[PDB]
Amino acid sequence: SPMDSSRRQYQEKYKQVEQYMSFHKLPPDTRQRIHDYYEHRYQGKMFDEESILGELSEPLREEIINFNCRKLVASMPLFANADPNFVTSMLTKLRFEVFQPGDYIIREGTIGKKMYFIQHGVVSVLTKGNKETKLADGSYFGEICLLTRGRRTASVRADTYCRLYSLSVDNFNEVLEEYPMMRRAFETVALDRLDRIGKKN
């Protein structure tokens, strides 16, 4: 129902957005991109996700988000085949993020402070002077910078609208100091991914 505080919320908040756009005299293409983002991202409803989750117990918090990430976990070998407690620990630190076609999720050469899991959408991995590798539902990227603490080893550009979950470097490390055999699984893959664009260490 539209009388749901959560749909009425979406409408009022989108109203705020329109006036901000109007105050700053944003171009029409930029206004359309935002409108479209707002629909893909929120889908007519706004929740105070983390305050609602925050009001619950941790087991319910865990149970809920496991339920929500069922396809993501089962599509992703790293997750699907791991200890659930590690999986849960990751899952509860993730932040949902949407991107639009054309967006540079990551720029090569920059400093990186999050990695990403692809729930839905297709993305492009772009190195200066290699062909282009694609990643879709059930893969992740942006992990290399977190392991090395250097710079981004590629740009990553959205082909489609993307529904992603991001993980901060501090959470990534926190989960890996508690689950160290999982560090290796990211390393193996990260080396393989470097090898192929002809790089090392």
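From 1 onward, residues are counted along the sequence shown.
130 to 138 and 151 to 159 differ in mean CA B-factor, and the higher of the two is recorded for 130 to 138. Averaged over Cα atoms, the B-factor as recorded in the entry is higher for 121 to 129 than for the other of 121 to 129 and 100 to 108. The PDB entry assigns its highest CA temperature factor, among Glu63, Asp48, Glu143, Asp36, to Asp48. Ranked against the other modelled residues of its chain, the C-alpha B-factor of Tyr10 as given in the entry falls in the middle third. In this PDB entry, the Cα temperature factor of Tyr20 sits in the middle third of its chain's modelled residues. Per-chain ranking of the deposited C-alpha B factor places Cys69 in the lowest third. Among the modelled residues of its chain, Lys113 has a C-alpha B-factor that falls in the highest third according to the deposited record. The entry lists a Cα temperature factor for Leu176 that places it in the highest third of the chain's modelled residues.
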